[PDB]
Amino acid sequence: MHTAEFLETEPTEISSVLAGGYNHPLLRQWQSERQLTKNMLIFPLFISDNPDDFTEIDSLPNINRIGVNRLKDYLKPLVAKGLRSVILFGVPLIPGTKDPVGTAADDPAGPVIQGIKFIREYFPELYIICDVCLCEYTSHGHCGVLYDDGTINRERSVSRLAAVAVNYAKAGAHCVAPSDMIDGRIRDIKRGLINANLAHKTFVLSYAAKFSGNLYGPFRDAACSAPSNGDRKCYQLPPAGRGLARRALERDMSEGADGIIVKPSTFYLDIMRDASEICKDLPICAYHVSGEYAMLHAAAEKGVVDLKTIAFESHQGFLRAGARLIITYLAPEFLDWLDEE
Amino acid sequence: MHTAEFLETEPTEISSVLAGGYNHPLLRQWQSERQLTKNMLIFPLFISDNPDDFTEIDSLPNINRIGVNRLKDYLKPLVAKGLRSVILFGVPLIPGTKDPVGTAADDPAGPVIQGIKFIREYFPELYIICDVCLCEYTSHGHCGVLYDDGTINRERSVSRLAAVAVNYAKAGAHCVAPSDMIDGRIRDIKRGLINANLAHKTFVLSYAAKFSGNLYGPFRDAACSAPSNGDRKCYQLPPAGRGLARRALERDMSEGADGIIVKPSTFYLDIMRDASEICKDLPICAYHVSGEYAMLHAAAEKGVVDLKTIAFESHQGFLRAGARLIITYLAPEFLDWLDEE
Amino acid sequence: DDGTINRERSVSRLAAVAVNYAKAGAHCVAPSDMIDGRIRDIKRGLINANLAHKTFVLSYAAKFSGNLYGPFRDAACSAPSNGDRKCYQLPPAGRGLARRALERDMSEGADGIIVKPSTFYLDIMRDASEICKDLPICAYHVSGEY
Amino acid sequence: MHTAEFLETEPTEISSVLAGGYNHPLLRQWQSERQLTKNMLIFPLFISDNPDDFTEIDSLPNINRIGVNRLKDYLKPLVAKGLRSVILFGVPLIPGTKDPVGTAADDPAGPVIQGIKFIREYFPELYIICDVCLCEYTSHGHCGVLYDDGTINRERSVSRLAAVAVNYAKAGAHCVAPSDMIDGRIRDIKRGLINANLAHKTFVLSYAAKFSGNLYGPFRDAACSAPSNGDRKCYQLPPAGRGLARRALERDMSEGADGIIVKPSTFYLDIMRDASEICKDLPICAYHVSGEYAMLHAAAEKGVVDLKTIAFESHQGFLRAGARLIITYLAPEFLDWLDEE
Ligand SMILES: *C(C[NH3+])CCC(=O)O
Ligand SMILES: *C(C[NH3+])CCC(=O)O
Ligand SMILES: *C(C[NH3+])CCC(=O)O
Ligand SMILES: *C(C[NH3+])CCC(=O)O
Ligand SMILES: [Zn+2]
Ligand SMILES: [Zn+2]
Ligand SMILES: [Zn+2]
């Protein structure tokens, strides 16, 4: 009948034997080129012009639109658990705010700058990052200033963005993160900070490789940033554009970025590895975007994976691929989990 | 009052201007270093020893355990839509099959070899890949033969695996895909095919970088491959082990792999990029595993993403990262979609 | 008999000691002898003893001779008898020899490497970070440095 | 009972055998990629505006603050033992010297320029290097000119530094060594030497990688350069900043450095190796700083190490790491020791 056949084998070659390096729990930690720590985390905040706001963004599980009067009580526990950094997005809902050139983006009475002043006053040790763009402030929902045919106007757009970024830094932001993907905007932002005598204390964290695709969903609600007039494929990178992403990384580093962000993260880990070579002397940041985070939550409550397990697997994923910073909506969860681990 | 500030800007530098390369639909195709085609797809089949089986694997949406009498009617439409390759997994349910050394893995009456004979007879132009391992055939559910303390026995395990692989090739498999991750098994499998005069017609497709983690869920059901006695962390690579993965890629190529598989895929795209350098002269394959595929389905029916959109985004992801082959449960969907695209 | 090291018996003896520690329950062996080829034999011994799959070989692949070992010799009563350890400890200027020793021990089965001493040899750690980029690199802060 | 076990061994592999290259005293010299010679040494001098000064700097064993009338008798034996180079630091103690913009840094009556004129007259074959900075000449003790909030003013600072450096070269310095670490100062210094027709005979030796930390102690006394208003962490590099150091090396070479200094030395040898690649076509200099040198002396008189032995070990360390020049307070000792060795 049928029995187990065993082939005649040669002595073991040393070259074959990898197992001595990962047979114990502590070893699978020795095997990581970087470990996750609390100060690596950056938590997004969506700031309302309604100062009493604390509204659920139904598309973005466990995250709300908060106003300045409710921020202190929100951030206090977070800071106590070790949160070191926030990335501000403003969501101004008061009618008549939005205009073709994003005027309210750097309105001193606006949610972002008020947010910056609040946080500097009440949490002076908190590192403040501001998203720099016009899409939450424009009428058409696009990231820049447009010509009449609805295409982006590079020159006015970047001239406007430089202004907004410097104005955030003037207000007290420690770092500006331009998310517009419009050609050459980092040069102009850097030049504006230099002219304003702020380049020596403002970190330019460029979304240098921000891709177009199906993972932005939950955010647009969180920011009411739904476009008007077509899609953002003419400046967001196309998912297959590795070459364009490599050139964008090189470009933004040349134009003054102190750091770079790759967005989305899990679906673009190879681009993070690319970045780890091109921008080896710069901090690389992963942005765990709303669709990725929401995907994890859905699969979890469907029983496909465990939330905390897949959270650690994916965020360890970022560090493996070369990131040393992480923008994530699971930051509250990790400030808890990292005490145990 | 507050008006839009525009900073004084310099003339545009040519170095800044990337947009001329991706302003049109056809360009975002010109920008891909590889495009998805039908012959890149590899579809898994789970073959039952019940020849009348066509049972839903509830954890793996739209995929079933099929028996040989139902295979012809299943594969016929698939081949007609262009399917060129299958990867066989056997799921023997007849009691008393499973034994400590995986005896039934290469049982000529078993689902795999019967599957191989059926497919060679009825679909002679179909390229047949067989998963090579012992976990579906053992009592303890582990991928190899174990010592008494329950650790893996490298020597007997690899001696057994070499045998199974050669026996599949003797039966008519065109390609063997060892998924065991046990040190040096590719050398012995290659040596066995050479001794059996089959090395010249058998492709060795090594799971050279197969990682441990939370994404295997739905499969274990599909294959009834749930472990017994602890976890597979002592041979599956640990999620952070980039160094170990790089060494495993080099090793399996040195030991005779004609191609390599990275598994899982989306959560490990950086490893695919790593592989694209180390194994630049070899075909690289992505395995879209049951948990990843099930995650896409869940998020989709939750409204987070669109199924076909995120399917193309992720599978384009594999090609961008350097894969030129794709094992995926969405192969039926893509044989349809690629006609349009 | 002339007091030089005997490579063959030395390494045959070391392989034995290392495997015996692993047999006793050590998770990792760290050979600090710097005698040519000892990692191959230790690896081969663990393989023959069926322990290579659970024993990490952490080689002192770049251990240098010099003035920083002082306090240890007391701690271990390891003061030499018959000359110095310059014929196997690497000479402080031997960057080339250190690079070759790193490559060699990785080829012979090290799962990890140690550079010793540490602060005075940081450039060798950087060297190691390239040669042994896929392996854990360990610094030993030795008794004289501390 | 317990006897010595010897395992069965294989024949020796040639690949294992390194020992044939270092079994003799002469070989451990053949093994060095560079040997220490006398002309590699650079000796610091701290020049007093009291011309009769010869005051012990208690924190810096065996080194004094000397005035011009005592310099000839000090330098004469040194030159006779082979000293080829000095690096001048001025320590002006006459009250009312120090002012917010470092006015006295290039005072023709000041210790540095007087020192330059003395040495050119009395030791015309001596190569003169001058430290270029403002910290010994300012009221606040900082290395540059500051805005009102106490941060550094890049533009005036570098405009001032360029002036000081050119003025030293005008006085007769052969080399300028800017130690300020303020962004872009090498460009302006180079441009100033070019405009003054001195770029063709003035070596720019940039402290391109000068790190912040705990090793500067003994110097601050030697130079009375103790800060006022916080710390120098906003321009000195942070100890972990390898990326910033690599970029600073590239930058200063691009801006005109003919050579670079890494400071401190022993605790930063990996940065010297980094520099040996980035600046492979430039002389690399190690600065053995006051805290490192004082640490050697303390450990020595505590019996932990032997002074001459650890001196040769560390300074050989610099050459191994890629330096070919050494600024050190042990230069008197080595001019003696190198005759024997
Ligand atoms: C990106 C804004 N710049 C964030 C999108 C998201 O969903 O997280
Ligand atoms: C891997 C079997 N070798 C497949 C796991 C899955 O879920 O697809
Ligand atoms: C090395 C023993 N292998 C340790 C020496 C010391 O002083 O730490
Ligand atoms: C550096 C002055 N640029 C010297 C500091 C020391 O202590 O040697
Ligand atoms: Zn935008
Ligand atoms: Zn298996
Ligand atoms: Zn200074």
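1. A look at the overall build of chain C
Link 1 in the chain: For chain C, the helix and strand inventory stands at five helices and four strands.
Link 2 in the chain: Mapped in sequence order, the helices and strands of chain C form the string α-β-α-β-α-α-β-α-β.
Link 3 in the chain: Projected onto the principal axes, the alpha-carbon positions of chain C cover approximately 40 × 40 × 25 Å.
Link 4 in the chain: Going through the 146 residues of chain C one by one, you find that 61% of them count as buried.
Link 5 in the chain: A separation threshold of at least 6 residues defines the contact pool for chain C, and within that pool the share at least 24 residues apart is 76%.
Link 6 in the chain: About 5900 Å² of surface is accessible on chain C, with carbon and sulfur atoms providing 48% of the total.

2. Overview of the overall build of chain A
Link 1 in the chain: When helices and strands are tallied, chain A shows eleven helices and ten strands.
Link 2 in the chain: Relative to the 2.2 N^0.38 estimate, which gives 20 Å for 341 residues, the radius of gyration of chain A is 22 Å and therefore close to what a compact globule would have.
Link 3 in the chain: Dimensions of chain A, computed from the C-alpha atoms along their principal axes, are close to 85 × 45 × 45 Å.
Link 4 in the chain: Taking all 341 residues of chain A together, the buried fraction comes to 66%.
Link 5 in the chain: Restricting the contact set of chain A to residue pairs at least 6 apart, pairs at least 24 apart contribute 77%.
Link 6 in the chain: Surface summary for chain A: the accessible area is close to 11900 Å², and the carbon and sulfur share equals 48%.

3. Notes on the packing of aromatic side chains
Aromatic ring pairs are reported here in terms of the distance separating the ring centres and the angle at which the planes meet.
Residue and element names in this part refer to chain A.
Link 1 in the chain: A complete count under the given rule lists 48 aromatic pairs over all chains for this structure.
Link 2 in the chain: Ring centres of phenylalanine 312 and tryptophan 337 lie 5.8 Å apart, and the angle between their planes is 40 degrees; on these two criteria the pair is classed as tilted. Here the residue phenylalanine 312 occupies a position in helix α10 (residues 307–320), and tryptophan 337 occupies one in helix α11 (residues 331–340), the gap between them amounting to 25 residues. Just as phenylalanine 312 is buried, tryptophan 337 falls in that class too.
Link 3 in the chain: Members of the aromatic cluster, connected to one another through ring pairs, are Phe46, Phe89, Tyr207, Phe219, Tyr287, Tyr293 and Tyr329.
Link 4 in the chain: Against the face of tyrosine 216 rests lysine 210, its NZ or CZ located 5.9 Å from the ring centre.

4. So, the nonpolar core
Link 1 in the chain: Counting 249 residues, the largest nonpolar core has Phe46 and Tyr168 of chain A together with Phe46 and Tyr168 of chain B as its most contacted members.
Link 2 in the chain: Once you skip the residues sitting within four places of it in the chain, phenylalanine 46 of chain A turns out to touch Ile57, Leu60, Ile63, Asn64, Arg65, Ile66, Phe89, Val91, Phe219, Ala222, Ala223 and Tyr329 of chain A.
Link 3 in the chain: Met125 of chain C together with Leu126, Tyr216 and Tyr235 of chain D belong to the second largest nonpolar core, which has 157 residues in total.

5. Some details on the site of ligand 3
Residues and elements named next belong to chain C.
Link 1 in the chain: Taken together, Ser32, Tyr60, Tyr69, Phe72, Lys116, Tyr140, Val142 and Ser143 are the residues near ligand 3.
Link 2 in the chain: Separating a nitrogen atom of ligand 3 from a side-chain N or O atom of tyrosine 60 is a distance of 3.4 Å.
Link 3 in the chain: Note that an oxygen atom of ligand 3 is positioned 2.3 Å from one of the side-chain N or O atoms of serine 143.
Link 4 in the chain: Bound to the protein, ligand 3 loses 90% of the 280 Å² it would expose on its own.
Link 5 in the chain: Each residue belonging to the shell around ligand 3 can be placed in one class, and the counts come to five nonpolar, two polar and one charged.

6. Section: the relation of the copies chain A and chain B
Link 1 in the chain: Of the transformation superimposing chain A on chain B, the axial component is 0.0 Å and the angular component is 180 degrees, with the fit at an RMSD of 0.0 Å. What the superposition gives is, in effect, a two-fold axis relating one chain to the other. Scanning chain A for the C-alpha nearest the rotation axis identifies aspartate 270 of chain A, at a separation of 2.0 Å.
Link 2 in the chain: Counting the interface residues of chain A, we find that 100% of their copies in chain B are interface residues as well, pointing to one common contact surface.

7. A short note on the interface of chain A and chain B
Link 1 in the chain: At the junction of the two partners, chain A supplies 89 residues and chain B supplies 89 residues.
Link 2 in the chain: Contact between chain A and chain B buries roughly 7900 Å² in total, counting both sides, with carbon and sulfur atoms accounting for 58%.
Link 3 in the chain: Interface area lost by chain A to chain B is led by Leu18, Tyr22 and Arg320 of chain A, which between them contribute 10%.
Link 4 in the chain: Remark: the boundary between chain A and chain B carries eight salt bridges.

8. Thoughts on the pattern of salt bridges
Link 1 in the chain: In total, this model carries 65 salt bridges over all chains according to the counting rule given.
Link 2 in the chain: For the salt bridge of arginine 251 of chain D with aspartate 252 of chain D, the shortest nitrogen-to-oxygen distance reads 2.9 Å. Neither residue differs from the other here; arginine 251 of chain D and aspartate 252 of chain D are each classed as buried.
Link 3 in the chain: Shared partners join several salt bridges into a network, and the residues in it are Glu33 of chain A, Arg242, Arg246 and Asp274 of chain B together with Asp134 of chain C.

9. Focus: the site of ligand 4
All names here are of chain D.
Link 1 in the chain: Residues in close proximity to ligand 4 include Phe89, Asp131, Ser179, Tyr207, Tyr216, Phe219, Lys263, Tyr287, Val289, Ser290 and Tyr329, which together make up its full environment.
Link 2 in the chain: Taking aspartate 131, its side chain carries an N or O atom lying 3.1 Å from a nitrogen atom of ligand 4.
Link 3 in the chain: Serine 179 places a side-chain nitrogen or oxygen 3.4 Å from a nitrogen atom of ligand 4.
Link 4 in the chain: Burial of ligand 4 by the protein chains amounts to 98% of its free accessible area of 280 Å².
Link 5 in the chain: By residue class, the composition of the shell around ligand 4 is seven nonpolar, two polar and two charged.

10. Remarks on the coordination of the zinc ion (ligand 5)
Residues and elements named next belong to chain A.
Link 1 in the chain: The protein atoms that coordinate the zinc ion (ligand 5) are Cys133 (SG), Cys135 (SG) and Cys143 (SG), at distances spanning 2.2 to 2.3 Å.
Link 2 in the chain: All donors to the zinc ion (ligand 5) come from one chain, and their sequence spacing reads C-x1-C-x7-C.
Link 3 in the chain: Taking relative accessible area as the criterion, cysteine 135 reaches 6% and is therefore assigned buried.

11. What about the UniProt feature "active site" in chain C?
Residues and elements named next belong to chain C.
Link 1 in the chain: UniProt's feature table lists "active site" at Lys63 and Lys116, given in the numbering used throughout. The annotated residues occupy 54 residues of the chain but converge on a single region, no pair of C-alpha atoms lying more than 4.7 Å apart.
Link 2 in the chain: Relative to the helices and strands, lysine 63 is located in strand β2 (residues 56–63).
Link 3 in the chain: Filtering out sequence-adjacent residues up to four positions away, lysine 63 remains in contact with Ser32, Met34, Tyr69, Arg85, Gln89, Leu90 and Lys116.

12. Describing the pairing of strand β6 (residues 175–178) of chain A
Residue and element names in this part refer to chain A.
Link 1 in the chain: The alternating pattern of β6 places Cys175 and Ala177 on one face and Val176 and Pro178 on the opposite face, and all of these are buried.
Link 2 in the chain: Pairing geometry for strand β5 (residues 127–132) and β6, over four bridges, is parallel. From the neighbouring strand, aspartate 131 faces β6, where its bridge partner is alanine 177.
Link 3 in the chain: The handedness of the β5 to β6 crossover, carried by helix α4 (residues 154–171), is right-handed.
Link 4 in the chain: Across two bridges, β6 lies against strand β7 (residues 203–210) in parallel orientation. By the bridge assignment for β7, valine 176 is matched with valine 204.

Thresholds applied
Residues numbered from 1 in each chain as written, not as in the entry; some residues may be left out. Chains lettered and ligands numbered in written order. Part of a larger assembly, values for the part shown. Heavy atoms only, no water. Helix = DSSP H or I, 4+ residues; strand = E, 2+ residues; numbered from the N terminus. Buried < 20%, exposed > 50% of the residue type's maximum accessible area, 1.4 Å probe, protein only. Contact = heavy atoms within 4.5 Å. Areas by Shrake-Rupley, 256 points an atom, 1.4 Å probe, with all protein chains shown as cover. Rg over C-alpha atoms; globule rule 2.2 N^0.38 Å. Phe/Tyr/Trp six-rings, centres within 6.5 Å; stacked < 30°, edge-to-face > 60°. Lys NZ or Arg CZ within 6 Å of the ring centre and 35° of its normal. Core = buried A, V, L, I, M, F, W, Y, C linked by side-chain atoms within 4.5 Å. Near = heavy atom within 4 Å. Polar contact = N/O pair within 3.5 Å; in protein donor to acceptor, adjacent residues only side chain to side chain. Nonpolar A, V, L, I, M, F, W, Y, C, P; charged D, E, K, R; others polar. Least-squares fit on C-alpha atoms. Buried area = accessible area lost by both parts, 1.4 Å probe. Salt bridge = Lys/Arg side-chain N within 4 Å of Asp/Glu carboxyl O. Donors = N, O, S within 2.8 Å, 3.2 Å for Na, K, Ca; no water. UniProt positions renumbered as here; feature names shortened; annotations may be inferred. Pairing = 2+ DSSP bridges. Right-handed = clockwise from strand over helix to strand, strands pointing away.

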